[PDB]
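To start, the structure itself, in structure tokens.
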There are 2 protein chains.
Amino acid sequence: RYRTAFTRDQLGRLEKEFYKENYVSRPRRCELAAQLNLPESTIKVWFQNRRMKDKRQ
Amino acid sequence: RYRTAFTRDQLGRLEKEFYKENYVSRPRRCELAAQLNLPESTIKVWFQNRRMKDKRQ
DNA sequence: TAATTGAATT
DNA sequence: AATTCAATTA
């Protein structure tokens, strides 16, 4: 299926963004993507999964 | 964390099942678990790992 | 190498 | 939201 291994700078940035807001829109994810050098799709899915994780805990 | 230690006939039975089919459904797994006195989850995880082995080396 | 983690799928 | 399976970790 895949395997994106985020580096601590990417996951670290992602986690800072998640706690200010558990949801990010397409333009914003595009912004994070250019900045993070990752596909938009990758960021979308991470937020989806992070919301799920958060729900359980 | 962990660690389960298989008996020789438990693993031979596992390896036998695997050569016939690399995947067993949730209900066959319960049949094997009853028969081998091992946990349902243990067998699920073993097929997970054995497939990774087959797929990789 | 058994068990866990989490990225991707559906 | 529920599962799967590619990677670790111990």
Side-chain angles (χ1 to χ4, degrees):
Chain A
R1 287 195 199 146
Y2 64 122
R3 222 56 203 214
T4 292
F6 306 97
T7 56
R8 66 196 175 284
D9 43 92
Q10 289 156 327
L11 183 42
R13 216 291 91 178
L14 282 191
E15 286 293 334
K16 176 154 203 56
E17 189 70 8
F18 186 85
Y19 95 113
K20 300 296 214 177
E21 56 183 276
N22 77 333
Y23 203 121
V24 158
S25 285
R26 195 198 38 73
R28 189 48 201 162
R29 275 160 32 218
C30 291
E31 282 187 48
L32 253 359
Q35 273 49 93
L36 249 26
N37 255 215
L38 292 166
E40 65 179 321
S41 45
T42 292
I43 299 193
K44 190 178 67 71
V45 167
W46 187 88
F47 272 84
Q48 302 192 167
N49 291 318
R50 262 262 55 199
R51 275 174 258 148
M52 270 201 265
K53 181 198 185 80
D54 210 61
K55 163 175 274 80
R56 302 140 154 148
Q57 271 282 206
Chain B
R1 220 166 144 180
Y2 70 103
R3 206 113 183 178
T4 288
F6 302 97
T7 275
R8 77 197 158 267
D9 74 297
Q10 274 176 349
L11 227 194
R13 190 55 197 66
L14 277 180
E15 287 296 329
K16 192 171 171 194
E17 193 59 30
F18 191 86
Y19 190 54
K20 168 185 134 197
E21 63 190 88
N22 71 167
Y23 157 109
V24 278
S25 53
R26 198 261 170 209
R28 232 265 95 149
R29 295 210 302 260
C30 288
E31 282 167 42
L32 289 141
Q35 293 191 149
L36 304 184
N37 270 291
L38 269 180
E40 130 198 325
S41 39
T42 288
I43 286 118
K44 195 199 80 150
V45 166
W46 185 91
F47 271 89
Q48 179 258 127
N49 290 324
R50 198 53 265 276
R51 274 197 300 281
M52 165 166 84
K53 248 97 201 78
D54 215 21
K55 164 247 199 189
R56 227 158 155 136
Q57 311 119 253

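Order of the sequence lines fixes the chain letters, A, B, ..., with proteins taken first and strands second; residue numbering starts at 1 for each chain. Basis for what follows: all heavy atoms, side chains included, without hydrogens, waters or symmetry-related copies.
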**OP:** Take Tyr19(A) and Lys16(A), measure what side chain to side chain donor-acceptor pair (under 3.5 Å) needs, and give me the verdict at the end.
**Re:** CA-CA 6 Å; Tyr19(A) 95 113; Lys16(A) 176 154 203 56; 3.1 Å; yes
Interatomic distance, [X] [atom1] vs [N] [atom2] [rounded to whole Å]:
X        : N      : atom1 : atom2 : answer
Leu38(B) : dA3(C) : CG    : P     : 9 Å
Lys53(B) : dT8(D) : NZ    : P     : 14 Å
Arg3(A)  : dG6(C) : CZ    : P     : 9 Å
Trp46(B) : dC5(D) : CH2   : P     : 16 Å
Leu36(A) : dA7(C) : CG    : P     : 13 Å
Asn49(A) : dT4(D) : CG    : P     : 15 Å
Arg50(A) : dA1(D) : CZ    : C1'   : 16 Å
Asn22(B) : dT4(D) : CG    : P     : 14 Å

So, is [X] near the phosphate of [N], with a side-chain N or O under 4.0 Å from OP1 or OP2?
X        : N      : value
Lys55(A) : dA1(D) : yes
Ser41(B) : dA3(C) : no
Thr42(B) : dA2(C) : no

Original post:
So, do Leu38(B) and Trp46(B) sit near enough that their side-chain heavy atoms are less than 4.5 Å apart?
Top reply: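 No, too far: nothing below the 4.5 Å cut-off.
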Original post:
Just checking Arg56(B): base, sugar-phosphate only, or nothing, at a heavy-atom cut-off of under 4.0 Å?
Top reply: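 Counting heavy atoms under 4.0 Å across all strands, the contact made by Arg56(B) includes a base.
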**OP:** Calculate, to the nearest 0.5 Å, the distance between atoms CZ and NZ belonging to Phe47(B) and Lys53(B) respectively.
**Re:**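 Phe47(B) atom CZ to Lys53(B) atom NZ measures 15.0 Å (nearest 0.5 Å).
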Original post:
Counting side-chain heavy atoms from CB outward, which of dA1(D), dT9(D), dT4(D) is closest to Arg1(B)?
Top reply: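 From the listed options, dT9(D) comes nearest.
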Original post:
The side chain of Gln48(B) lies closest to which of these nucleotides: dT4(C), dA7(C), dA2(C)?
Top reply: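 Ranking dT4(C), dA7(C), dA2(C) by closest atom to the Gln48(B) side chain puts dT4(C) first.
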Original post:
Do the side chain of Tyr2(A) and the base of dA7(C) come within less than 3.5 angstrom through a donor-acceptor pair of N or O atoms?
Top reply: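 Such a pair is found, so the answer is yes.
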Original post:
Just by distance, do the side chain of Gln48(A) and the backbone of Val45(A) share a donor-acceptor pair under 3.5 Å?
Top reply: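 No; judged by distance alone, with no hydrogens or angles, the pair does not exist.
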Original post:
If you pin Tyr23(B) and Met52(B) to their nearest nucleotides in DNA chain D, which one's is more 5'?
Top reply: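 So the residue in question is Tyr23(B).
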Subject >> Distance-only side-chain donor-acceptor flag, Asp9(B) / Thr7(B), under 3.5 Å >> reply: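 Per modelled atom types, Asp9(B) and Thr7(B) side chains form no pair under 3.5 Å.
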